[PDB]
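Protein chains in written order, with full-length UniProt numbering: chain A, 1 to 122; chain B, 3 to 76, 88 to 135; chain C, 2 to 54; chain D, 1 to 113; chain E, 2 to 207. What follows is a set of notes on a single structure, which appears directly below.
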RNA sequence: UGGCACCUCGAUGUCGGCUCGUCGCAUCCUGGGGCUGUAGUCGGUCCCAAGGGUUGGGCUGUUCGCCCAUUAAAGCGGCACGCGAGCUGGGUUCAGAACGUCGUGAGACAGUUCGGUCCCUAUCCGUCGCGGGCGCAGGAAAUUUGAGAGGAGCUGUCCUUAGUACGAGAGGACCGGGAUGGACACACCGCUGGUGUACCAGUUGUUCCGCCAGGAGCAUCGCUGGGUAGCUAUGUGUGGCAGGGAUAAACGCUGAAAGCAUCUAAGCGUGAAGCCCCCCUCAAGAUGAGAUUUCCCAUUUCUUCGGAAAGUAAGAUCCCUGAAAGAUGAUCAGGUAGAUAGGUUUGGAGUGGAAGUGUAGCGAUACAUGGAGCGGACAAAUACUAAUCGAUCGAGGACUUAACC
Ligand SMILES: [Mg+2]
Ligand SMILES: [Mg+2]
Ligand SMILES: [Mg+2]
Ligand SMILES: [Mg+2]
Ligand SMILES: [Mg+2]
Ligand SMILES: [Mg+2]
Ligand SMILES: [Mg+2]
Ligand SMILES: [Mg+2]
Ligand SMILES: [Mg+2]
Ligand SMILES: [Mg+2]
Ligand SMILES: [Mg+2]
Ligand SMILES: [Mg+2]
Ligand SMILES: [Mg+2]
Ligand SMILES: [Mg+2]
Ligand SMILES: [Mg+2]
Ligand SMILES: [Mg+2]
Ligand SMILES: [Mg+2]
Ligand SMILES: [Mg+2]
Ligand SMILES: [Mg+2]
Ligand SMILES: [Mg+2]
Ligand SMILES: [Mg+2]
Ligand SMILES: [Mg+2]
Ligand SMILES: [Mg+2]
Ligand SMILES: [Mg+2]
Ligand SMILES: [Mg+2]
Ligand SMILES: [Mg+2]
Ligand SMILES: [Mg+2]
Ligand SMILES: [Mg+2]
Ligand SMILES: [Mg+2]
Ligand SMILES: [Mg+2]
Ligand SMILES: [Mg+2]
Ligand SMILES: [Mg+2]
Ligand SMILES: [Mg+2]
Ligand SMILES: [Mg+2]
Ligand SMILES: [Mg+2]
Ligand SMILES: [Mg+2]
Ligand SMILES: [Mg+2]
Ligand SMILES: [Mg+2]
Ligand SMILES: [Mg+2]
Ligand SMILES: [Mg+2]
Ligand SMILES: [Mg+2]
Ligand SMILES: [Mg+2]
Ligand SMILES: [Mg+2]
Ligand SMILES: [Zn+2]
C-alpha cells in the first residue's frame, strides 16, 4: 500500500538513493499501488557522480513492500522495506545491477530483465 | 457477562464481597442482576472446594475475603471463610453435580423500586 | 427550540392517551387465599411452590 | 468447533507433516510453478508464528536474504509443500516471536535445546 | 430450475484439485418435503410449497397440523414457495434431496441479514466525517438537510435508524461439493445471515 | 456590471472552505447520426440524447487564475452567490498598536501590518426508524398476487480478427470474440490484519494476607508481550451479464397529389448508454382493504325488534428463562409434552511450561515430575438450580338479487 507522498528506497545501480512518489498510474481515482505497479516519482537523494540526479521526475516499478502479495494457493510474502527500481519508457531498467530479493509477481507482469538481473526471485 | 454500573476494579470488589457473605451466612438478600451474577461465582468457588487440593485452596484464597466466620474453643482460635468453604460447605454437596444455589423473588424496594430477591445456597 | 404556539387541551389529552400504567400481574395464593404476584414469594404466609421459605 | 465442519474437512488433513513449534529452524520444499515448468525451491528459516485450528491452520517462516528480511506464510495442510523437515530445536519463551523483526545478527540468535 | 431450503452451518475452506485454496460456506438441507402445489386454474400462478424442518407436535397447532397432514407428514418449521419451476415433477409429499444440484452449478442465495441496531449515518449509509481538529465541532453528523426554498426537506434524506435485517439475495455463486449422505452442500463464498439462519438456494436467474 | 426604491431597521447573519445533495440543458466523457477542404489513424461543424460519470497536489483567506502529475472526462448554470437553531472563522466589519499619505489639530484612508467572546433543553409541519388502536359483515394459523414505489445504470487496457482494408511510403482500421482492471455497491469473518477493561504470561515501587513460600490492593487496564467470542477493512465473495417491445435524430421500400420526380398523404422496414420491460428491494390502510390451504363451530340468559351480556371452541396473551433480536415496545428460541439460561463433565481456541517436592550450583538461577497449569463470550452431553401455581382475552356470522338448488 503505497500512495502519493510515500517515500521508498531505490534498489538498483542508477544514481538515485531515495524516491518520493508523485502519482499512482492506472486509473482516475486510484489511491494505492503494490508490487509490480508502475509509479511516477521524484528523486530526493542521489549518490554523487550518478546517472540520475537529484530533483528529477522519473517513473519506476515497485519491487518489494512491507505488505506483500497473496498467491492463489493461499500463501503470502512480506518484506521489511519498500523498494523500487527506476525503469525506462518500456520495461527495461536504467541501472545494471539489482540489490536484494525480488518478488515473483514481477514475472507475471512481464518485467523479464529485472527478474533476470535480481539475485533472488522469491 | 454484565457490567453492574461500576468499573472493572469496583465490579470485581463487589463480586468478591457478595460471594463471601453467601459462604458465611448461607442466605442473603440482594437485587436481581446482582444475584444472577454471584450465582456463577459462588458455584465455581464451591467446585474448587470440591477438588480439595492445595492448588485449589490457593486458587480459592486468591478470591475469598479474609474475615472471621466465628471463634471456636478448639485455646480458642477463630475460623475464616476459606476454612468453612473447604471444610463445611464443600462436603455438603459431595453427591450433587451442579446448582448449589437458588433465587427466590420478593418484590420492589421502597426507596428506588429495585426488584429484590433472596439467594440462598441449598 | 421554543414553542411557537401554546398547546390546546385537546392536543394535550391526545398526547396523554398513552401515559397510563398497566395492571399488576397477580393471582391468588393457594395456601393463603390472598392475592400475590406470579413467580414471587407471597408476603402473607411466606410460602413458594407449596414449601415454607 | 461445530463438529460438522470437522467431518467435512477431515479427509483433507495432511498426515505427513512432522511436529514443530515456534522458535525452531525448518526447511520447506515448496513447489513453484513457472510459465509451464514445475520446480521446487527451498525456504529455510525460523518459524515465527503458528495460528489457527483444523484445516485453517497456518505458520510463518522468516529468513534474511541479501540483507533484507523475508517472511513467508503457508497453510499447514497445503499440497504445494512437497516436504517439511526440522533442522534445529530452538529454545524460546514466547508463542509469537515478533520481537525478531527489530533485531539483526548476534541478537536474533536462538539458542538450542 | 431447482430449489431447496437449508440452514447456514458455518464457514470454512477447501483445497481444489488444481491446488488453489477457496473459501466455502456449509449449508445443511435435511428433511424438506413438498407440501402443496399451486396452479393457474386455482390460484393464478404456478409454484411449489416446501417445508424444511420437523418440529415437535407441542409447538404446532391444529390449522398447520391439518395442512401438513394433507401431504402425509409431520409439521414443518419453515415454509416457502418457488416460482419459475416445472410442476411435472414434485409429487405431493415427496422429498427433495441435495443431489438435485451437481458440482459446478450456479445458484442464488437468499436470506435475512445480520441485525445491527439503531445505527448512525456513517455506519448505515457510509457518509464522511467532519474534521476532528482545527477547532471543528462536527464529527459524525448527517449534513445539511437541503436548501431553503422548498420550506421543507425532501424524501430519501438519509438519516439514522435501524440498520440491518432485510432480505438480501446475492447471485451467480458457484457450488463446490455435494454430500448426499450428510445432506450438506458446500458453496463458494458468503451468504447473508447469522449462523443457524435460513438460506433459500435456487438456480441462477441469469 | 447597472437602473428603481416595492417587502424587511420592536434585527431577513456576510465571502471562502467542510458535510449533504437536488434540478436545468445552452453536452465535458460515454451512446446514435448528417456534411466535410472525411485516403487510414486523428480531427472540424451541426443534429438526437440528462442514464451514469466527471482527479490528487504547489501558491494565495481567497472565488478566480497559473503551475505539477494524471484521466474516457477533468461541463456550464439554478436552489436566500443552496446549505452558520448543521460546522469553521482565514477575509471583511468593534474597542489596542505601528507604517506610508492627508489634516494646524482632535483624527481619517474599497492603503498596508500584528492581535482580537460565533448563545438556544425542538412545540407544530417536514425527514429517518419503531410501536399501540380500529377497520377490512364470523373467529383464527400460515403461504402469497401485485396496482404503486425505491435501488442499480459508469468505464479503461491487453490479446485475436490483422500488420488485413486504406496508403507511394510513413503509419494503420471499421464490425465481431476473449481476458483482466479503476471507481462504486451489497454481504460476510474461512484467509491477511485491527480491537478485545471478568483470557494467559513477564515486570517496578509500596501496603496487606502474623513470617518464608504463594498471592491480593493501588499506581492510565501501573507498564510490557500475546490474544477467544463479538464488532470490523485496508481482507474475501458477488454485481452492473446476455437481452425484448415501441421510438428520437437519421436511413430506406412502394406511392400519388403534380403522366416525371418524391421516405408521407393512405401503407410498410430498420434505428440510441435514452422510454417501457428484464435484474434487486418495499408493497392490500391498494378504505378499490384482494387470493389459496387449513382449523373452530352454531351455547346460555334477557330483549319491544333492532340488540345487549356471559361463560367458551380454534387461537393468543399476562408472568417467567433468554438471544441468532433489541433504546423501550416489537422479532425470534423455550416454559417440566423441557436442553431456554446458569451449573457439572468432556473438549476447543489462547497463553505458553503452574503449585509442591527433588536434583546441580556459594548464589542469582537451571533442569525433572509434565505440551504442564490456567482457561469471559466457542462445542457436545447431562434436569443438579430457575422457567412452579394460576389468571385474562377470544365466534354463533344483516339484507337484496342471480344458477342446480
Ligand atoms: Mg485500577
Ligand atoms: Mg495453537
Ligand atoms: Mg474526509
Ligand atoms: Mg470537539
Ligand atoms: Mg410549500
Ligand atoms: Mg439586480
Ligand atoms: Mg416614489
Ligand atoms: Mg433591515
Ligand atoms: Mg418580531
Ligand atoms: Mg439539445
Ligand atoms: Mg457524442
Ligand atoms: Mg459521435
Ligand atoms: Mg448528472
Ligand atoms: Mg510545503
Ligand atoms: Mg452544480
Ligand atoms: Mg439563509
Ligand atoms: Mg450563499
Ligand atoms: Mg459560510
Ligand atoms: Mg439555516
Ligand atoms: Mg479573523
Ligand atoms: Mg484604534
Ligand atoms: Mg504634517
Ligand atoms: Mg495572542
Ligand atoms: Mg497568529
Ligand atoms: Mg487579521
Ligand atoms: Mg439540537
Ligand atoms: Mg399497525
Ligand atoms: Mg408495479
Ligand atoms: Mg398510495
Ligand atoms: Mg439513480
Ligand atoms: Mg477476521
Ligand atoms: Mg482474528
Ligand atoms: Mg514473600
Ligand atoms: Mg490499600
Ligand atoms: Mg495489553
Ligand atoms: Mg424495432
Ligand atoms: Mg437497449
Ligand atoms: Mg385479505
Ligand atoms: Mg448460546
Ligand atoms: Mg410462547
Ligand atoms: Mg445448559
Ligand atoms: Mg434428554
Ligand atoms: Mg492447551
Ligand atoms: Zn401465601
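Built from N, CA and C at the ideal position, the CB exists for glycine as well.
message = Can you tell me where the alpha helix (DSSP H) holding residue 43 of chain B begins and where it ends?
response = Along the second chain, one-based indexing puts residue 43 of chain B at 41. First-last of the alpha helix (DSSP H) with residue 43 of chain B: 34-53.
inquiry  = Please identify, using Cβ separations under 8 Å, the residues of the stretch 21-52 of chain C that lie next to chain B, in order along the chain.
reply    = 38, 40, 41, 42, 44 and 49
query = Does DSSP put residue 65 of chain D in a helix, a strand or coil?
reply = Position 65 of the fourth chain, counted from the first residue, corresponds to residue 65 of chain D. It is a strand residue.
task = Determine the contact status of residue 86 of chain A and residue 97 of chain A, defining contact as a CB-CB distance below 7 Å.
result = For the purposes of this step, residue 86 of chain A is taken as residue 86 along the first chain, with counting starting at 1. For the purposes of this step, residue 97 of chain A is taken as residue 97 along the first chain, with counting starting at 1. Their beta carbons are not under 7 Å apart, which means residue 86 of chain A does not touch residue 97 of chain A by this criterion.
ask   = Can you pull the DSSP bridge partners for residue 27 of chain E?
value = As a first step, residue 27 of chain E is located in the fifth chain; it is residue number 26 there, counting from the start. Bridge partners of residue 27 of chain E: E/187.
message = Does the stretch 69-87 of chain E come into contact with the stretch 3-13 of chain E, if we say contact requires no fewer than three beta-carbon pairs (one atom in each stretch) closer than 8 Å?
response = yes
key: Any C-beta of chain E under 7 Å from that of residue 14 of chain D   = In the fourth chain, counting from the first residue as 1, residue 14 of chain D sits at position 14. It does not; no Cβ of chain E falls within 7 Å.
key: Listed by chain order, chain B residues near residue 54 of chain C by CB distance under 7 Å   = The residue labelled residue 54 of chain C in the question sits at position 53 within the third chain. Within chain B, the residues near residue 54 of chain C are 117.
query = Are residue 47 of chain B and residue 35 of chain B close, meaning C-beta to C-beta below 7 Å?
reply = Counted from its first residue, the second chain places residue 47 of chain B at position 45. Counted from its first residue, the second chain places residue 35 of chain B at position 33. The answer is no: Cβ separation not under 7 Å.
ask   = Taking the Cβ atom as the reference point for each residue, do residue 69 of chain A and residue 114 of chain A lie within a distance shorter than 7 Å?
value = Within the first chain, numbered from 1, the residue matching residue 69 of chain A stands at position 69. Within the first chain, numbered from 1, the residue matching residue 114 of chain A stands at position 114. No; because the gap between Cβ atoms is not below 7 Å, this pair is not in contact.
request  = Report whether the distance from the Cβ of residue 11 of chain D to the nearest heavy atom of ligand 1 is below 6 Å.
outcome  = If you number the fourth chain from 1, residue 11 of chain D lands on position 11. No, the Cβ of residue 11 of chain D stays beyond 6 Å of every heavy atom of ligand 1.
Closest by C-alpha distance to residue 71 of chain E, when choosing among E/35, E/27 and E/207 = Residue 71 of chain E sits at position 70 when you count from the first residue of the fifth chain. Cα-wise, what sits closest to residue 71 of chain E is E/35.
query = DSSP puts residue 28 of chain C in a beta bridge; with which residues?
reply = In the third chain, residue 28 of chain C corresponds to position 27, counting from 1. Note: residue 28 of chain C sits in a beta bridge opposite C/37.
Within chain D, the residues that residue 9 of chain A reaches when beta carbons sit closer than 9 Å = Walking along the first chain from the start, residue 9 of chain A turns up at place 9. Within chain D, no residue comes near residue 9 of chain A; the closest Cβ sits about 10 Å away, beyond 9 Å.
inquiry  = Quick check on this structure: which residue in D/112, D/108, D/7 and D/104 has the alpha carbon closest to the alpha carbon of residue 55 of chain D?
reply    = Walking along the fourth chain from the start, residue 55 of chain D turns up at place 55. The shortest C-alpha separation from residue 55 of chain D is found at D/7.
request  = Please name the residue or residues paired with residue 84 of chain A in a DSSP beta bridge.
outcome  = As a position in the first chain, residue 84 of chain A is number 84, starting the count at 1. Beta-bridge pairing links residue 84 of chain A to A/10 and A/62.
request  = Please say whether residue 100 of chain A and residue 68 of chain D have beta carbons closer to each other than 7 Å?
outcome  = Here residue 68 of chain D corresponds to residue number 68 of the fourth chain, with the count starting at 1. Here residue 100 of chain A corresponds to residue number 100 of the first chain, with the count starting at 1. Cβ atoms of residue 68 of chain D and residue 100 of chain A: closer than 7 Å.
ask   = Which residues in chain E sit within 7 Å of residue 103 of chain D, going by Cβ to Cβ distance?
value = The sequence position of residue 103 of chain D within the fourth chain is 103, counting from 1. Within chain E, no residue comes near residue 103 of chain D; the closest Cβ sits about 32 Å away, beyond 7 Å.
inquiry  = In the DSSP assignment, the alpha helix (DSSP H) including residue 110 of chain D goes from what residue to what residue?
reply    = Here the question's residue 110 of chain D lines up with position 110 in the fourth chain. Counting along the chain, residue 110 of chain D falls outside any alpha helix (DSSP H), and DSSP gives it neither H nor E.
inquiry  = Does residue 10 of chain D come out as helix, strand or coil in the three-state DSSP assignment?
reply    = Locating residue 10 of chain D in the fourth chain gives position 10, where the first residue counts as 1. Reduced to three states, the DSSP call for residue 10 of chain D is helix.
ask   = Can you find a CB in chain E that lies within less than 7 Å of the CB of residue 68 of chain A?
value = Counting from one through the first chain, the residue named residue 68 of chain A turns up at place 68. Residue 68 of chain A does not count as touching chain E.
ask   = Which residues does DSSP pair with residue 119 of chain E in a beta bridge?
value = Counting from 1 along the fifth chain, the entry for residue 119 of chain E is found at position 118. According to DSSP, residue 119 of chain E bridges with E/163.
message = Could you tell me the alpha carbon to alpha carbon distance between residue 49 of chain D and residue 134 of chain B, rounded to whole angstroms?
response = To locate residue 49 of chain D, count along the fourth chain from 1; it is residue 49. To locate residue 134 of chain B, count along the second chain from 1; it is residue 121. Distance between the alpha carbons of residue 49 of chain D and residue 134 of chain B: 47 Å.
query = Is any beta-carbon of chain E found at less than 7 Å from that of residue 29 of chain A?
reply = Within the first chain, the letter at position 29 stands for residue 29 of chain A. It does not: the Cβ of residue 29 of chain A has no partner Cβ on chain E nearer than 7 Å.
ask   = From this set, D/63, D/74, D/41 and D/36, which residue's C-alpha is nearest residue 21 of chain E's C-alpha?
value = On the fifth chain, residue 21 of chain E is found 20 positions in, with the first residue counted as 1. Measuring from the Cα of residue 21 of chain E, the nearest candidate turns out to be D/74.
inquiry  = Would residue 9 of chain D pass as an interface residue toward chain A - the criterion being a Cβ-Cβ separation below 7 Å?
reply    = Locating residue 9 of chain D in the fourth chain gives position 9, where the first residue counts as 1. Answer no: the Cβ-Cβ gap between residue 9 of chain D and chain A never drops below 7 Å.
inquiry  = Can you pull out the residues from the stretch 78-101 of chain D whose beta carbon lies closer than 8 Å to at least one beta carbon of chain E?
reply    = 78, 79 and 80
ask   = For residue 76 of chain B, does the three-state DSSP call read helix, strand or coil?
value = One-based indexing of the second chain puts residue 76 of chain B at position 74. In this structure, residue 76 of chain B counts as coil in the three-state DSSP scheme.
Residue 35 of chain D vs residue 62 of chain D beta-carbon contact at 7 Å = Position 35 of the fourth chain, counted from the start, is the residue given in the question as residue 35 of chain D. Position 62 of the fourth chain, counted from the start, is the residue given in the question as residue 62 of chain D. No, these two residues do not count as a Cβ contact at 7 Å.
query = Apart from the five residues on each side of it in sequence, which residues of its chain come closer than 6 Å, Cβ to Cβ, to residue 38 of chain B?
reply = Position 36 of the second chain, counting from 1, holds the residue named residue 38 of chain B. So the list is empty, once near-sequence residues are dropped.
ask   = Does any CB atom of chain A fall closer than 7 Å to the CB of residue 45 of chain D?
value = Counting from one through the fourth chain, the residue named residue 45 of chain D turns up at place 45. No, because no Cβ of chain A sits closer than 7 Å to the Cβ of residue 45 of chain D.
Residues bridged to residue 172 of chain E [DSSP beta-bridge criterion] = Locating residue 172 of chain E in the fifth chain gives position 171, where the first residue counts as 1. Partner(s): E/109.
query = Would you call residue 23 of chain A buried or exposed, if buried means 16 or more other Cβ atoms sit within 10 Å of its Cβ?
reply = Indexing the first chain from 1 puts residue 23 of chain A at position 23. Looking at its Cβ environment, which holds fewer than 16 other Cβ atoms inside 10 Å, residue 23 of chain A is exposed.
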